[PDB]
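Chemist: Let me give you the structure first, and then I'll get to my questions.
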Amino acid sequence: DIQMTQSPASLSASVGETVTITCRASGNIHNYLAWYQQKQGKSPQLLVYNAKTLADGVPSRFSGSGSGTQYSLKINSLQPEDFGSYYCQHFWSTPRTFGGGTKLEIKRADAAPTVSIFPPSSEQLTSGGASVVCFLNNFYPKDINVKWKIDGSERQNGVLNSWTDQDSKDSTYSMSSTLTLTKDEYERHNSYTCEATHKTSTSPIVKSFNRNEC
Amino acid sequence: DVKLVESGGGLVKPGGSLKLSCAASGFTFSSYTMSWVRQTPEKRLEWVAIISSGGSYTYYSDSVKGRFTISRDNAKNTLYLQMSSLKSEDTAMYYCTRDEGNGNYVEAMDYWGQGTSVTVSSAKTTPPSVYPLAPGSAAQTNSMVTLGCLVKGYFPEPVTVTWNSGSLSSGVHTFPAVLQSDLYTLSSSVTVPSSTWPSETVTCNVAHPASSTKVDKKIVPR
Amino acid sequence: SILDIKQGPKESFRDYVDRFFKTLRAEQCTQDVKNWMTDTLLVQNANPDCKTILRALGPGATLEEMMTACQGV
């Protein structure tokens, strides 16, 4: 067997910059290595092979280099169409193994998120469940911490978060969060609050509602 | 113009059986070596099995050996993968793949399919429930206003959410689903200038093919 | 004579490998030469289909692996 280690796991750059993904084998491959490109929700495309040679119709800004055990990939002055995933594989020994993959994303001026809190629907209460939902839409740097306050103090029990991929149009991220409860648990409180603490400012974005407002 | 088109993906129970295939157009099929490659939910790609251009010879990654069987009907310009004894762990996108023609040894996989998804789990098929997410009595003042609807307790993937029959694409965000023991839950959000909320119908359309469900939801205020 | 050993169209790669190295012992040239020959001859003279797969096992693959790759189904 030969194993492939890649890195970084992810990195994010700006259009026009230069970038180097690397790749490292448990044995020697005497250059029998290939690199695939994977744009979001597409299948992988071969992009380089034998470490150095480019596949056809691959712009020249791509170079491969390396020998023996460490190889690497470099992209000169990025273009939007280059952002995606990148995998290396070897073709020396019989299981042709793959690198973990390096996820390449786009840099841009920081956005704060737009936070929207949503009570349960009557329909849902009818079923026996309640879920309070929070949209934290369209922000730059990918990370946020969310915080759910029932009534005033925290709750970390039944939360559930989903994150979008880097937006194609505008290079930003969004997050859905879903605090779920029994219809019965839910009809026992007043405050329901969502706190998004994020790079863009010091004090958190707070959005809440009170179960009394009709 | 070389093409590979896989199909036969689906939901299968642990220790079940399923057979993927791939129709090749574009090139002399029996002139190439072929493979099946999968991609994990996480997105780790793992080569699985390979086959002689002739067909009588095969080879397998330890991880499937003796469980999977690769084959080809050269006359039918088709490559197959027979899966048996399915582990939950086999849940992946399965890619059909061509070995390049030109190196003394194979120096790349030339071409890939687009892939079919296989989910192996025991969890039973379920229709979702769509509940609207109206911004109740408070907030809203801003020029733009966000609404959404949540698609709850279904299996398997995928679901397809759309706002007003698709005529409201840009400004939508459908969130990756979340497995919540035996069941999926996803939410989706539109944003619209709030002077054209209530008095302009905003409806979402939720499609769950796996259980023949089409559902729509007006987003009535509170 | 060695030029004559070639793999049958249903003969498994293993048994073909025994024939080859049997024969190879019989012929009398340097150990050096007989190794060169192997390098030219043994993969090249395998049944046409079987080389296909051998080609894909990569350069690194052992005999042990090839023989496995090239037994039947």
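In the structure tokens, the first chain shown is A, the next is B, and so on; residue numbers restart at 1 for each chain, and ligands run from 1 in the order shown.
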Write out as a PyMOL selection string the set of residues from range 19-195 of chain B that DSSP, computed on the backbone, places in helix (DSSP H, G or I).
Modeler: chain B and resi 29-31+88-90+164-166+194-195
Chemist: Residues of chain B were defined as contacting chain C if any atom lay at most 7 Å from it, counting only C-alpha atoms; please report them as JSON, numbers by chain.
Modeler: {"B": [33, 51, 52, 53, 54, 56, 57, 58, 59, 104, 105, 106]}
Chemist: Dump N, CA and C atoms for the selected residues as a PDB file, in the first residue's frame?
Modeler:
```
ATOM      1  N   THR B  33      -9.278   0.135 -19.971  1.00  0.00           N
ATOM      2  CA  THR B  33      -9.418  -0.354 -18.614  1.00  0.00           C
ATOM      3  C   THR B  33     -10.410   0.521 -17.830  1.00  0.00           C
ATOM      4  N   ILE B  51     -11.188  -3.271 -13.869  1.00  0.00           N
ATOM      5  CA  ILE B  51     -11.483  -4.332 -14.840  1.00  0.00           C
ATOM      6  C   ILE B  51     -10.722  -4.261 -16.184  1.00  0.00           C
ATOM      7  N   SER B  52     -10.354  -5.438 -16.698  1.00  0.00           N
ATOM      8  CA  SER B  52      -9.642  -5.556 -17.989  1.00  0.00           C
ATOM      9  C   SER B  52     -10.510  -5.091 -19.172  1.00  0.00           C
ATOM     10  N   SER B  53      -9.886  -4.613 -20.252  1.00  0.00           N
ATOM     11  CA  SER B  53     -10.679  -4.138 -21.384  1.00  0.00           C
ATOM     12  C   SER B  53     -11.433  -5.346 -21.909  1.00  0.00           C
ATOM     13  N   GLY B  54     -10.774  -6.504 -21.877  1.00  0.00           N
ATOM     14  CA  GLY B  54     -11.437  -7.759 -22.226  1.00  0.00           C
ATOM     15  C   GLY B  54     -12.595  -8.112 -21.317  1.00  0.00           C
ATOM     16  N   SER B  56     -12.366 -10.383 -18.564  1.00  0.00           N
ATOM     17  CA  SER B  56     -12.205 -11.601 -17.768  1.00  0.00           C
ATOM     18  C   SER B  56     -11.372 -11.419 -16.485  1.00  0.00           C
ATOM     19  N   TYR B  57     -10.775 -10.235 -16.323  1.00  0.00           N
ATOM     20  CA  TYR B  57      -9.915  -9.946 -15.159  1.00  0.00           C
ATOM     21  C   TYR B  57     -10.340  -8.716 -14.393  1.00  0.00           C
ATOM     22  N   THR B  58     -10.288  -8.829 -13.069  1.00  0.00           N
ATOM     23  CA  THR B  58     -10.804  -7.827 -12.159  1.00  0.00           C
ATOM     24  C   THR B  58      -9.847  -7.611 -11.007  1.00  0.00           C
ATOM     25  N   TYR B  59     -10.054  -6.544 -10.260  1.00  0.00           N
ATOM     26  CA  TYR B  59      -9.283  -6.363  -9.037  1.00  0.00           C
ATOM     27  C   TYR B  59      -9.981  -5.396  -8.095  1.00  0.00           C
ATOM     28  N   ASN B 104       2.625   3.897 -20.531  1.00  0.00           N
ATOM     29  CA  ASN B 104       2.961   2.476 -20.479  1.00  0.00           C
ATOM     30  C   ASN B 104       2.176   1.774 -19.414  1.00  0.00           C
ATOM     31  N   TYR B 105       2.254   2.285 -18.191  1.00  0.00           N
ATOM     32  CA  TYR B 105       1.220   2.005 -17.184  1.00  0.00           C
ATOM     33  C   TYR B 105       0.097   3.094 -17.208  1.00  0.00           C
ATOM     34  N   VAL B 106      -1.024   2.851 -16.536  1.00  0.00           N
ATOM     35  CA  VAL B 106      -2.084   3.851 -16.483  1.00  0.00           C
ATOM     36  C   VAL B 106      -1.542   5.033 -15.709  1.00  0.00           C
TER      37      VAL B 106
END
```
Chemist: With chain A as the partner and 8 Å as the cut-off, tabulate the residues of chain B that qualify, each row holding the nearest pair of atoms and their distance in Å to one decimal, using only C-alpha atoms, sorted by chain and rising number, as JSON lines.
Modeler:
```
{"residue": "B:44", "atom": "CA", "partner": "A:100", "partner_atom": "CA", "distance": 5.9}
{"residue": "B:45", "atom": "CA", "partner": "A:98", "partner_atom": "CA", "distance": 6.4}
{"residue": "B:46", "atom": "CA", "partner": "A:98", "partner_atom": "CA", "distance": 6.7}
{"residue": "B:47", "atom": "CA", "partner": "A:96", "partner_atom": "CA", "distance": 6.6}
{"residue": "B:61", "atom": "CA", "partner": "A:95", "partner_atom": "CA", "distance": 6.3}
{"residue": "B:106", "atom": "CA", "partner": "A:91", "partner_atom": "CA", "distance": 7.1}
{"residue": "B:107", "atom": "CA", "partner": "A:91", "partner_atom": "CA", "distance": 6.2}
{"residue": "B:108", "atom": "CA", "partner": "A:49", "partner_atom": "CA", "distance": 6.2}
{"residue": "B:109", "atom": "CA", "partner": "A:46", "partner_atom": "CA", "distance": 6.9}
{"residue": "B:110", "atom": "CA", "partner": "A:46", "partner_atom": "CA", "distance": 6.4}
{"residue": "B:111", "atom": "CA", "partner": "A:45", "partner_atom": "CA", "distance": 7.0}
{"residue": "B:112", "atom": "CA", "partner": "A:44", "partner_atom": "CA", "distance": 7.0}
{"residue": "B:113", "atom": "CA", "partner": "A:43", "partner_atom": "CA", "distance": 7.2}
{"residue": "B:114", "atom": "CA", "partner": "A:43", "partner_atom": "CA", "distance": 5.4}
{"residue": "B:115", "atom": "CA", "partner": "A:43", "partner_atom": "CA", "distance": 7.4}
{"residue": "B:131", "atom": "CA", "partner": "A:121", "partner_atom": "CA", "distance": 6.2}
{"residue": "B:132", "atom": "CA", "partner": "A:121", "partner_atom": "CA", "distance": 6.2}
{"residue": "B:133", "atom": "CA", "partner": "A:118", "partner_atom": "CA", "distance": 5.9}
{"residue": "B:134", "atom": "CA", "partner": "A:118", "partner_atom": "CA", "distance": 6.7}
{"residue": "B:135", "atom": "CA", "partner": "A:118", "partner_atom": "CA", "distance": 5.8}
{"residue": "B:136", "atom": "CA", "partner": "A:119", "partner_atom": "CA", "distance": 7.0}
{"residue": "B:137", "atom": "CA", "partner": "A:213", "partner_atom": "CA", "distance": 6.0}
{"residue": "B:138", "atom": "CA", "partner": "A:209", "partner_atom": "CA", "distance": 7.6}
{"residue": "B:146", "atom": "CA", "partner": "A:116", "partner_atom": "CA", "distance": 7.0}
{"residue": "B:173", "atom": "CA", "partner": "A:164", "partner_atom": "CA", "distance": 7.8}
{"residue": "B:174", "atom": "CA", "partner": "A:164", "partner_atom": "CA", "distance": 7.8}
{"residue": "B:175", "atom": "CA", "partner": "A:164", "partner_atom": "CA", "distance": 5.9}
{"residue": "B:176", "atom": "CA", "partner": "A:162", "partner_atom": "CA", "distance": 6.0}
{"residue": "B:177", "atom": "CA", "partner": "A:162", "partner_atom": "CA", "distance": 7.2}
{"residue": "B:178", "atom": "CA", "partner": "A:162", "partner_atom": "CA", "distance": 7.1}
{"residue": "B:187", "atom": "CA", "partner": "A:176", "partner_atom": "CA", "distance": 7.3}
{"residue": "B:189", "atom": "CA", "partner": "A:135", "partner_atom": "CA", "distance": 7.9}
{"residue": "B:222", "atom": "CA", "partner": "A:214", "partner_atom": "CA", "distance": 7.5}
```
Chemist: For a quick check of understanding, using only C-alpha atoms, which of A:206, A:106, A:159, A:196 has the smallest distance to residue 10 in chain A?
Modeler: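 Between A:206, A:106, A:159, A:196, the residue approaching residue 10 in chain A most closely is A:106.
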Chemist: Using Å and a single decimal, report how far CA of residue 112 in chain A sits from CA of residue 204 in chain A.
Modeler: 10.5 Å
Chemist: Within 7 Å of residue 14 in chain C, counting only C-alpha atoms, which residues qualify if same-chain residues fewer than 3 places away don't, as a compact mmCIF listing (two decimals) with C-alpha atoms, in the first residue's frame?
Modeler:
```txt
# COMPACT_ATOMS: atom_id res chain seq x y z
CA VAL C 17 4.65 -17.99 -14.59
CA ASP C 18 5.82 -21.50 -13.65
CA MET C 67 -0.88 -13.42 -10.37
```
Chemist: Compare A:26, A:19, A:103, A:126 by their minimum atom-to-atom distance to residue 64 in chain A, counting only C-alpha atoms, and give me the closest one.
Modeler: A:19
Chemist: For chain C, which of A:150, A:93, A:75, A:7 is the closest residue, counting only C-alpha atoms?
Modeler: A:93
Chemist: Hey, which of C:29, C:24, C:3, C:63 ends up closest to chain A? Count only C-alpha atoms.
Modeler: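 Closest to chain A, using only C-alpha atoms: C:63.
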